[PDB]
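Chemist: Let me give you the structure first, and then I'll get to my questions.
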Amino acid sequence: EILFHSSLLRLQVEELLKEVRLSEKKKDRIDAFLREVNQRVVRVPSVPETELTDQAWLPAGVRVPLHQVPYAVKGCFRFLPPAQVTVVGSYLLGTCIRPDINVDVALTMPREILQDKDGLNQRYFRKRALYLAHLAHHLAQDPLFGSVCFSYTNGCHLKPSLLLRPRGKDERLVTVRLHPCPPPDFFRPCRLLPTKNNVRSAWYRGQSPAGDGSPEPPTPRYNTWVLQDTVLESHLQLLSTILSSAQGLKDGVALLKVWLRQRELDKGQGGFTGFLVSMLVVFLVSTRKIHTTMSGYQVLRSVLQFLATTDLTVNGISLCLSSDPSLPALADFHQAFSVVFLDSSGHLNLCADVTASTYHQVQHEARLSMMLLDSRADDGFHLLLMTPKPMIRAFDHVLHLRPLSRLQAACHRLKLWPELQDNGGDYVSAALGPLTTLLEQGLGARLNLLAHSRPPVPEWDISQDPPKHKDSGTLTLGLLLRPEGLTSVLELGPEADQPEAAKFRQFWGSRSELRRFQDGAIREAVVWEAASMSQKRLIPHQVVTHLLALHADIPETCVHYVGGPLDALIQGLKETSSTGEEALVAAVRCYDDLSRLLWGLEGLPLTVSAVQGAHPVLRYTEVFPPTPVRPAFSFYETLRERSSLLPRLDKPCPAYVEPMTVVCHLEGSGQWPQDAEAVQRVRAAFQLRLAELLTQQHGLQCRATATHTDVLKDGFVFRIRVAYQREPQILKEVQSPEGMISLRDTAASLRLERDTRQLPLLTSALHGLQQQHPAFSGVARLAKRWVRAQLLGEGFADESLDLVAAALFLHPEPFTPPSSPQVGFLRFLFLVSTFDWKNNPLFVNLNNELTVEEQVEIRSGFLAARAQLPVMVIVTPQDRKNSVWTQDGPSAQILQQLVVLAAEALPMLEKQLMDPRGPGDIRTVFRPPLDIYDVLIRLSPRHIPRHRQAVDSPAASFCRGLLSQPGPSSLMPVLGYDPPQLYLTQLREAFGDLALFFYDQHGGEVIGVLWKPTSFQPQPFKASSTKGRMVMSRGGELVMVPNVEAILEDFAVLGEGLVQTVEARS
Amino acid sequence: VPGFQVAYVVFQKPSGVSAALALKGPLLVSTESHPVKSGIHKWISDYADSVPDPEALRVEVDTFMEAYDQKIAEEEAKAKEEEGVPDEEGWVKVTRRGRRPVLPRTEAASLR
Amino acid sequence: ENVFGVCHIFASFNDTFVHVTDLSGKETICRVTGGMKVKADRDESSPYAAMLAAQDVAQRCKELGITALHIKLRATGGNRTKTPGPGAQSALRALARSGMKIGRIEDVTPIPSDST
Amino acid sequence: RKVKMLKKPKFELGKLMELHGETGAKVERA
RNA sequence: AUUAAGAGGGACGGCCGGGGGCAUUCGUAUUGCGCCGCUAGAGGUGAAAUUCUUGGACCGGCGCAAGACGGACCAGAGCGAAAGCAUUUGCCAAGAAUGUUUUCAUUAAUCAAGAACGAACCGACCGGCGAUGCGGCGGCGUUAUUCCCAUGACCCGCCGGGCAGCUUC
Ligand SMILES: Nc1ncnc2c1ncn2[C@@H]1O[C@H](COP(=O)(O)OP(=O)(O)OP(=O)(O)O)[C@@H](O)[C@H]1O
Ligand SMILES: [Mg+2]
Ligand SMILES: [Mg+2]
Ligand SMILES: [Mg+2]
Ligand SMILES: [Mg+2]
Ligand SMILES: [Mg+2]
Ligand SMILES: [Mg+2]
Ligand SMILES: [Mg+2]
């Protein structure tokens, strides 16, 4: 019902609000604290008039929080107690977010301690800093405050702030920021235009006092900062009239700040804060977009429309209702600032610190949020406001600039002297703008969005020097790749005739070169060196390295590209060129040739009707793609009755070859037997006939078996299975004793339908999905590697991991579809850790085929019959009401074990990638603990064919009997032979009821044995339970116990030679 | 793949059975005269016999189908003889071999 | 090998058109009508005029490398007659007389299914 | 008797390269 | 009062039909429009002349829009009281014949008046023989075969009501 859905949305809004708001009792205790702060601040001693340069009157233990780089000034200082104390901010406005509660107090400076010319050469900033220094000294000794600290207000390094927190209990309850402010009408608003000057060049840089030269450059950021203090009380007055009266407007503001918090768009210098949306909602109330009668959800809806549709970098908006002829124009602000907003006083940009890159990225998030808002579906509220979006998980590649001291030289290479003079000495924030624009224009085709990290606001205690710009933090850039345009390895420029070619030569330098093509055009072009798909994915690394060195004098050593470090986990020991996409395509082309060979074969009694592949290789999900092989004659011995080789006793285990299953359906006919075991006979005859014709017409090596035929073509081995359409129906025939024959599902019948019908459909469906998303193969293969490395490969089917990986690309509602393997793997770990498998089935909408009406009906049936379904339920359009891929899937135990491991591995892996230094060991999360297992079995690497696939490379390899030279082979190699898997089958059948075995199929050298606690308890003699159980008489009665000592030597006996040693603990 | 199994063993005389119950020994399975193969040695020997003979496979398939077709032909001939032909006590068996179509004895037909 | 082209021969009772295009029929190689050869409205559909038009088209093709032609014979169609005109037979003969090789012969006369 | 094409997907180069199986040439600047 | 008419009414069973209504849908042809290629003509006649064309007519290719129409399959076949009825699919109501050991029990026939709709030789003259459409019954044999959907295609005999022929009394 729509009423139920609306009520659910109302309930979801309310429970979020009560969590994020503050209680009444906390408000009272905060109110008592601020009254105590008011009493303390008003009782402060005064000092006589002193020169600003004279700072010896400061006692030891307190330092000026400004760095005062040009020390010569022209002012005098006097301290007086504050004339007026006013609480400003959002505390009295009723919009405070729970994790961080802050209260702002404005201190009105007396008129008699400030001079008319204090707005020049940072004199006011110096006086304000010394005012806080005197207050910090006198308030430190007071036992009321648990901690007192210095910090930056409004993200400005020239504006220090004072932090006070209470002692003992409630120490995390609230913090108070103390903001000195000038008298209301002290300064002239006309003196603080973006086009006017307030810092003189002779004082800032020159040694001469009146050196003549060019007119003084305007200082818009300096003017904005000075006016920022003068208008502190005005914002609260406007918001009280408009926002305090109407409830629900507060709800929308609170929800929007949570939305900004989740996407990490509020904190840092120049961030889009919750103060800004307070003015944005006021502007919308001024217009007809918002009226005061909506709820909080509608306010969130209305604001998000404005952000996604309005660009503030070209068309600024004004909050000033009055339109005076002698009023500042918006054109001037656009020339001075990247983003233009306005207040009732036109001089206040109010957004002078937010960059164009920041606003574009906020627009990007707003557009994504509107698509979820417009679409009607369940869990949309959870995805919109509760799903975190860190930079590492929202961008395909991240980039680190390790030494920020080099960024100062970038300002020297470029022309930012007026801008460096305007913002004091902050070279980091000055060059952030031009560098992003420089990189954005050079990466236009290969990128969708570029973002930069914001430096955190420092907090340092009294009696320490303030932090420098060099040690502010580390700079990180986020890149959102465009899937189209990554296929090309060239950047196409203009032709050499028209004169904008010279412009192209300027931007790229020596790498710009002349090229001619088949179309007949002479053209300027630049060519990179990228052979594989992975190398083409790292083309922007070459772009950013070349451009930064050429145009910013930033060496390549200062650039750390975090792109595909995980690619080594799905590669060879030393092969970093490709991740395996080229090998998979070659195998697919071989399969297509074989299908065409079947489609045209003559002499068969029944013609071929359908050829379908049912192997992970054909759907690009094989972790290690195969290669064509040529057996060595001397490494084996030969039967000479059949063209089949056998492994030798003295040589090590041969190379592993896995045949790929192909399902073939013949022409329908009515001459087939109606008996279950007789159809098995006809199928076996078809296996023999198919092998005989294939070797006669095309000279292919074929081996016929009762269930399949193995064909060697182009070095690849294919396993061909012939299936009969009505065979599953025959297996369902059950004549009942009363005398009526019916059709009932059977485990054999269900297995046959999965192998011949359901498996080819999923393989073909996932094959098509890879075509739209080239990054699907890397994510899926890496996901299997991590699961199998944690020794939890048993219980997780190959198809189940493919389907959950496909869910990332088909339903990435918070994000965009992944374009790099590393970002998909992080989202895969997040999905496993956070998904509620108990109350939600995973939907994989393969090629649409399901609408919202069918989804809610399936969801309704899911809760009605949850107990009959497995712990993990995956819903596909082909397979609904059941999950055939997880019926034999994970148990309740190992499912929770993976969630714990995934929740543990995610924080350390993201920390490794976000470290400015290189990752210490990318294989840390791929190693198992090896502590909980009762018995550990070690295997000899001589008889492990899949040993190059190990996580830890051994760097030494045995001879496996393969020929390096390509060519044909006249004989069948060894197929599907590995001692580790043969050993596991023997163990899991003899001791399956007693213990559990854990192994890694990719290079595993250890088998973990865990005893079952229930089986080891004494039991009475049951004849069926005497498998390895022995007779005790300690209690005077005959009971059964496992024979631990005899089982251990069975581990050595079974697998003789393969087993190296047996160690048992506890 | 074998695991833990049970054994039924038959001797010539019951006297040997009584000796088997009275037999007390280590029961070495592998001796120098009669070694028992295990490990990689056994699996290689197992992979040797896993490869089948196409001619032996073809003979069994043809033999089974020849027997199966003969059984089917006998049943059809017997049913053709028995169609119609009321027996004692006046009973006629309804079959699909007649000219009037009949309702099948299936669950799907009954529910329909 | 032989380089192939498509030749369209529209043969009305009033006029005869011979037109040679590529395999896709989108690019025009040469088009000569019956009226361009004879300076009389009586003989626009005459077999003599069509033969002259065919020779001029045929001679055009050889220097371009065209050696074989596919022929699409077409009449007025529609509500009118579906019979090839007098110029059709002479023009097709002249193309073979000029040494041009002949591919498949198809009629592409538009036949209406529902009478108006 | 007849097959018609109604809708085509987005043109992708790699799909065609399976069915059918550049940087350019160098020119010296003056 | 009895029976339950080779009198009539109703119900039930499986079918059958270009019967009617509402929506939905496809197919060529024609015409017009938009773009690409080419270049002096195209159209019409007994001969011409009205018309269209270097601002590109006609011809060749691709796509779009509009108004009609529903071929061949199509029969002396079928349906409706008549006038009349032909692409696909869904829906609504109606109907003939056949099958019936169901039900009522004379409730019927013909009709001036009146009412609904309405293109643009002769005569209830007994029969017969062939085919033909639907429904039913029986059958030696062929032919497919039934998860659902469906139990049919051909041949032979028989019973009814129809569309028509050829003959007879
Ligand atoms: N760009 C700006 N221009 C002018 N004043 C600003 C700007 N940014 C912040 N301020 C001022 O900073 C003061 C401190 O409040 P602030 O904006 O930090 O909100 P807050 O109390 O932390 O609110 P919330 O909890 O809702 O995020 C306010 O009085 C506000 O007017
Ligand atoms: Mg604040
Ligand atoms: Mg009666
Ligand atoms: Mg009826
Ligand atoms: Mg009907
Ligand atoms: Mg009908
Ligand atoms: Mg109808
Ligand atoms: Mg009939």
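In the structure tokens, chains take the letters A, B, ... in the order shown, each chain's residues start at 1, and ligands count up from 1 in the order shown.
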Using only C-alpha atoms (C1' of nucleotides), which residues of chain E come within 6 Å of chain C, and what is the closest atom pair for each, with the distance in Å to one decimal? Give it as JSON lines, sorted by chain and residue number.
Modeler:
```
{"residue": "E:29", "atom": "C1'", "partner": "C:112", "partner_atom": "CA", "distance": 4.8}
{"residue": "E:37", "atom": "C1'", "partner": "C:27", "partner_atom": "CA", "distance": 5.0}
{"residue": "E:38", "atom": "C1'", "partner": "C:28", "partner_atom": "CA", "distance": 5.7}
{"residue": "E:61", "atom": "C1'", "partner": "C:26", "partner_atom": "CA", "distance": 4.5}
{"residue": "E:71", "atom": "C1'", "partner": "C:113", "partner_atom": "CA", "distance": 5.0}
```
Chemist: Can I get the selected residues back with C-alpha atoms (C1' of nucleotides), as a PDB file, in the first residue's frame?
Modeler:
```
ATOM      1  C1'   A E  29       1.406  -0.616 -52.923  1.00  0.00           C
ATOM      2  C1'   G E  37      25.036   9.911 -55.483  1.00  0.00           C
ATOM      3  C1'   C E  38      24.721  11.547 -60.791  1.00  0.00           C
ATOM      4  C1'   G E  61      19.847   4.278 -51.935  1.00  0.00           C
ATOM      5  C1'   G E  71      -4.415  -9.888 -52.961  1.00  0.00           C
TER       6        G E  71
END
```
Chemist: May I ask you to write as an NGL selection string all residues lying at most 12 Å from ligand 6, with only C-alpha atoms (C1' of nucleotides) and all ligand atoms counted?
Modeler: :E and (16-20 or 78-79 or 85 or 94-95)
Chemist: Please identify the alpha helix (DSSP H) residues within segment 8-72 of chain C (assignment by DSSP from backbone atoms) and present them as a PyMOL selection string.
Modeler: chain C and resi 47-63
Chemist: At what distance in Å, to one decimal, does atom CA of residue 337 of chain A lie from atom CA of residue 349 of chain A?
Modeler: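 These atoms are spaced 8.4 Å apart.
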Chemist: Give me, as a PyMOL selection string, all polymer residues having an atom no more than 9 Å from segment 114-119 of chain E, counting only C-alpha atoms (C1' of nucleotides) and skipping those fewer than 6 positions away in the same chain.
Modeler: chain E and resi 82-84
Chemist: Store the residues of this selection in a file with C-alpha atoms (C1' of nucleotides), as a PDB file, in the first residue's frame.
Modeler:
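Written out: selection_18.pdb:
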```pdb
ATOM      1  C1'   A E  82     -32.665  -9.796 -44.708  1.00  0.00           C
ATOM      2  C1'   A E  83     -29.628  -5.925 -46.281  1.00  0.00           C
ATOM      3  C1'   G E  84     -24.755  -8.194 -45.820  1.00  0.00           C
TER       4        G E  84
END
```
Chemist: Give as a PDB file with N, CA, C and O atoms (P, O5', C5', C4', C3', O3' and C1' of nucleotides), in the first residue's frame the residues surrounding ligand 4 up to a distance of 10 Å, considering only C-alpha atoms (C1' of nucleotides) and all ligand atoms.
Modeler:
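result-v7.pdb, freshly written:
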```
ATOM      1  P     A E  11     -31.926 -22.235 -21.562  1.00  0.00           P
ATOM      2  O5'   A E  11     -31.309 -23.387 -20.652  1.00  0.00           O
ATOM      3  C5'   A E  11     -31.414 -23.335 -19.237  1.00  0.00           C
ATOM      4  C4'   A E  11     -31.103 -24.671 -18.612  1.00  0.00           C
ATOM      5  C3'   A E  11     -29.757 -25.275 -18.974  1.00  0.00           C
ATOM      6  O3'   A E  11     -28.692 -24.736 -18.213  1.00  0.00           O
ATOM      7  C1'   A E  11     -31.442 -26.923 -19.165  1.00  0.00           C
ATOM      8  P     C E  12     -27.254 -24.500 -18.887  1.00  0.00           P
ATOM      9  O5'   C E  12     -26.599 -25.952 -18.910  1.00  0.00           O
ATOM     10  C5'   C E  12     -26.473 -26.714 -17.719  1.00  0.00           C
ATOM     11  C4'   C E  12     -26.270 -28.178 -18.019  1.00  0.00           C
ATOM     12  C3'   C E  12     -25.083 -28.513 -18.906  1.00  0.00           C
ATOM     13  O3'   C E  12     -23.859 -28.548 -18.195  1.00  0.00           O
ATOM     14  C1'   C E  12     -26.993 -29.678 -19.672  1.00  0.00           C
ATOM     15  P     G E  13     -22.520 -27.979 -18.873  1.00  0.00           P
ATOM     16  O5'   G E  13     -22.149 -29.078 -19.963  1.00  0.00           O
ATOM     17  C5'   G E  13     -21.782 -30.395 -19.576  1.00  0.00           C
ATOM     18  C4'   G E  13     -21.282 -31.186 -20.757  1.00  0.00           C
ATOM     19  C3'   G E  13     -20.455 -30.402 -21.763  1.00  0.00           C
ATOM     20  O3'   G E  13     -19.101 -30.287 -21.367  1.00  0.00           O
ATOM     21  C1'   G E  13     -22.085 -31.694 -22.899  1.00  0.00           C
ATOM     22  P     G E  14     -18.253 -28.972 -21.724  1.00  0.00           P
ATOM     23  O5'   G E  14     -17.502 -29.363 -23.071  1.00  0.00           O
ATOM     24  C5'   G E  14     -16.757 -30.568 -23.162  1.00  0.00           C
ATOM     25  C4'   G E  14     -16.693 -31.070 -24.581  1.00  0.00           C
ATOM     26  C3'   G E  14     -16.214 -30.064 -25.615  1.00  0.00           C
ATOM     27  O3'   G E  14     -14.803 -29.956 -25.657  1.00  0.00           O
ATOM     28  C1'   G E  14     -18.165 -31.136 -26.406  1.00  0.00           C
ATOM     29  P     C E  15     -14.111 -28.684 -26.350  1.00  0.00           P
ATOM     30  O5'   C E  15     -14.234 -28.988 -27.907  1.00  0.00           O
ATOM     31  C5'   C E  15     -14.594 -27.969 -28.824  1.00  0.00           C
ATOM     32  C4'   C E  15     -15.377 -28.523 -29.987  1.00  0.00           C
ATOM     33  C3'   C E  15     -15.514 -27.599 -31.185  1.00  0.00           C
ATOM     34  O3'   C E  15     -14.377 -27.637 -32.027  1.00  0.00           O
ATOM     35  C1'   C E  15     -17.627 -28.521 -30.653  1.00  0.00           C
ATOM     36  P     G E  95     -28.806 -17.332 -27.384  1.00  0.00           P
ATOM     37  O5'   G E  95     -28.561 -17.959 -28.827  1.00  0.00           O
ATOM     38  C5'   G E  95     -29.252 -17.455 -29.960  1.00  0.00           C
ATOM     39  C4'   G E  95     -28.652 -17.955 -31.250  1.00  0.00           C
ATOM     40  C3'   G E  95     -28.595 -19.462 -31.423  1.00  0.00           C
ATOM     41  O3'   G E  95     -29.839 -20.017 -31.812  1.00  0.00           O
ATOM     42  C1'   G E  95     -26.529 -18.513 -32.068  1.00  0.00           C
TER      43        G E  95
END
```
Chemist: Using only C-alpha atoms (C1' of nucleotides) and all ligand atoms, find each residue with an atom at most 12 Å away from ligand 8 and format the answer as a ChimeraX atom specification.
Modeler: /E:98,132-137,158-159
Chemist: List the spatial neighbours of segment 84-93 of chain C as a CSV table (one decimal) with C-alpha atoms, in the first residue's frame - criterion: any atom at most 6 Å away, only C-alpha atoms (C1' of nucleotides), same-chain residues fewer than 6 positions off excluded.
Modeler:
```csv
chain,number,residue,atom,x,y,z
C,11,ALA,CA,12.0,0.2,-69.9
C,12,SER,CA,8.8,2.1,-70.3
C,13,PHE,CA,6.7,2.4,-73.5
C,16,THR,CA,14.2,3.6,-71.7
C,45,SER,CA,11.6,4.3,-76.6
C,46,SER,CA,12.9,3.0,-80.0
C,47,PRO,CA,15.2,0.0,-79.8
C,50,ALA,CA,18.4,2.1,-76.3
C,51,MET,CA,21.3,0.4,-78.1
C,54,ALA,CA,23.8,0.9,-73.8
C,75,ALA,CA,8.7,-2.0,-66.0
```
Chemist: Could you pull the residues within 8 Å of segment 42-49 of chain E, counting only C-alpha atoms (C1' of nucleotides), minus those fewer than 4 positions along the same chain, as number ranges by chain?
Modeler: E: 53, 57-58
Chemist: Since we have the selection now, will you write its residues out, keeping C-alpha atoms (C1' of nucleotides), as a PDB file, in the first residue's frame?
Modeler:
```pdb
ATOM      1  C1'   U E  53      13.119  20.949 -64.250  1.00  0.00           C
ATOM      2  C1'   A E  57      13.127  17.267 -62.457  1.00  0.00           C
ATOM      3  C1'   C E  58      13.196  11.738 -63.750  1.00  0.00           C
TER       4        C E  58
END
```
Chemist: For chain A, list the residues within 9 Å of chain D, counting only C-alpha atoms, and write the list as a list in words.
Modeler: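 Putting it all together, I get residues 488, 489, 490, 513, 514, 515, 516, 517, 518, 522, 525, 526, 527, 589, 771 and 772 of chain A.
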Chemist: Could you write out that same residue set with C-alpha atoms as a PDB file, in the first residue's frame?
Modeler:
```
ATOM      1  CA  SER A 488      42.223   4.294 -27.589  1.00  0.00           C
ATOM      2  CA  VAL A 489      45.955   4.754 -27.031  1.00  0.00           C
ATOM      3  CA  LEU A 490      46.117   8.126 -28.841  1.00  0.00           C
ATOM      4  CA  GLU A 513      54.250  14.515 -33.270  1.00  0.00           C
ATOM      5  CA  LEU A 514      52.985  14.360 -36.840  1.00  0.00           C
ATOM      6  CA  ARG A 515      51.001  11.320 -37.966  1.00  0.00           C
ATOM      7  CA  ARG A 516      49.194  10.283 -41.137  1.00  0.00           C
ATOM      8  CA  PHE A 517      46.320   7.807 -41.341  1.00  0.00           C
ATOM      9  CA  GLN A 518      44.392   5.836 -43.945  1.00  0.00           C
ATOM     10  CA  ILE A 522      48.103  14.781 -41.666  1.00  0.00           C
ATOM     11  CA  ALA A 525      49.089  13.184 -32.356  1.00  0.00           C
ATOM     12  CA  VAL A 526      50.674  11.662 -29.255  1.00  0.00           C
ATOM     13  CA  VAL A 527      51.075   7.895 -28.861  1.00  0.00           C
ATOM     14  CA  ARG A 589      37.937 -17.798 -30.153  1.00  0.00           C
ATOM     15  CA  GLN A 771      30.874  -6.992 -23.103  1.00  0.00           C
ATOM     16  CA  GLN A 772      29.268  -3.872 -21.619  1.00  0.00           C
TER      17      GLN A 772
END
```
Chemist: For chain A, list the residues within 10 Å of chain E, counting only C-alpha atoms (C1' of nucleotides), and write the list as a PyMOL selection string.
Modeler: chain A and resi 670+726+729+732+743
Chemist: Which protein, DNA or RNA residues have an atom within 8 Å of ligand 3, counting only C-alpha atoms (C1' of nucleotides) and all ligand atoms, as a ChimeraX atom specification?
Modeler: /E:4-5,7
Chemist: What's the separation between atom CA of residue 813 of chain A and atom CA of residue 902 of chain A, in Å to one decimal place?
Modeler: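 Atom CA of residue 813 of chain A sits 21.2 Å away from atom CA of residue 902 of chain A.
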Chemist: Could you work out which residues of chain B fall inside 12 Å of chain E? Count only C-alpha atoms (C1' of nucleotides), and format the result as a VMD selection string.
Modeler: chain B and resid 96 98 to 104 106 to 109 112
Chemist: Kindly provide the residues of chain A that approach chain B to within 7 Å, each paired with its closest atom pair and their distance in Å to one decimal, based on only C-alpha atoms, listed by chain and increasing number, as a Markdown table.
Modeler:
```
| residue | atom | partner | partner_atom | distance |
| --- | --- | --- | --- | --- |
| A:646 | CA | B:48 | CA | 6.5 |
| A:647 | CA | B:44 | CA | 6.3 |
| A:649 | CA | B:41 | CA | 6.4 |
| A:681 | CA | B:61 | CA | 5.5 |
| A:685 | CA | B:61 | CA | 6.6 |
| A:688 | CA | B:54 | CA | 6.9 |
| A:704 | CA | B:54 | CA | 6.7 |
| A:705 | CA | B:52 | CA | 6.7 |
| A:740 | CA | B:105 | CA | 6.2 |
| A:741 | CA | B:106 | CA | 5.7 |
| A:742 | CA | B:107 | CA | 5.4 |
| A:986 | CA | B:1 | CA | 6.6 |
| A:989 | CA | B:3 | CA | 6.0 |
| A:990 | CA | B:3 | CA | 4.5 |
| A:1027 | CA | B:4 | CA | 6.0 |
| A:1054 | CA | B:39 | CA | 6.2 |
| A:1055 | CA | B:39 | CA | 4.3 |
| A:1056 | CA | B:39 | CA | 4.3 |
| A:1057 | CA | B:39 | CA | 6.3 |
```
Chemist: Any idea what the distance is between atom CA of residue 781 of chain A and atom CA of residue 848 of chain A?
Modeler: 24.1 Å
